[PDB]
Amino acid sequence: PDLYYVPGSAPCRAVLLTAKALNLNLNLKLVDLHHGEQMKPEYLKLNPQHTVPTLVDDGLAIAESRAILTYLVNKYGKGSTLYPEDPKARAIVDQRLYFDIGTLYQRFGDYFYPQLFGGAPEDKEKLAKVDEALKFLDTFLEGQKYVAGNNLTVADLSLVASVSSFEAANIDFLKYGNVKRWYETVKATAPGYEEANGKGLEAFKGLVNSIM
């Protein structure tokens, strides 16, 4: 299967983490954003939203990283605890994934991208919404090893890609004690973490340091 990606994107690093945990090789296709490759007609046939990641696997094109994560386990994840089939346990993983896109990463993007791209000053109300989402995540982790149970799931891999990006914005997330414990646990237990997430996070940091 092909993965159209860029390394600084946290949704793309979530896919790379999931493929490593599945011991699944993807043919990586770096997308040339500096020439607008994602809005040429052949990419738009695969992905009309012209976003990354896009997984292409035997003719089927999947946008939305969190749909890619669950597809990879549903299709290639025999013997995996990463996305359990029990409806109650799957619902907890699914709930954390919707929390990731709809609340935690959404508030991070609304807070940071006006500073990075718009040059705007730091909105303390938008920082407060980030801190509130981190407190929700801290509450989810209260008494649990991972965000959806005692096993590493795709919700952890999606959320650690989102939360690692907060480092480039110098957001204090380690002051949340359950978040800090969980963050170090995922870094130590997600297979191939430094290659799949840590390397692409440095490219995001190099972009941020070159501007701010």
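Each residue number is its position in the shown sequence, starting from 1.
Look at the mean CA B-factor for 26-34 and for 148-156 in the entry; the higher one is 26-34. Look at the mean CA B-factor for 96-104 and for 81-89 in the entry; the higher one is 81-89. Residue set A161, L69, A63, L44: peak C-alpha B-factor at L44 (per PDB entry). Ranked by C-alpha B-factor against the other modelled residues of its chain, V73 falls in the lowest third. Placement of the Cα temperature factor of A188 within the chain: highest third of the modelled residues, per the deposited record. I211: CA B factor in the highest third of modelled residues in this chain (values from the PDB entry).
Compared with the other modelled residues of the chain, the Cα B-factor recorded for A169 ranks in the highest third. When the CA B factors of the chain's modelled residues are split into thirds, the value for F136 lands in the lowest one.
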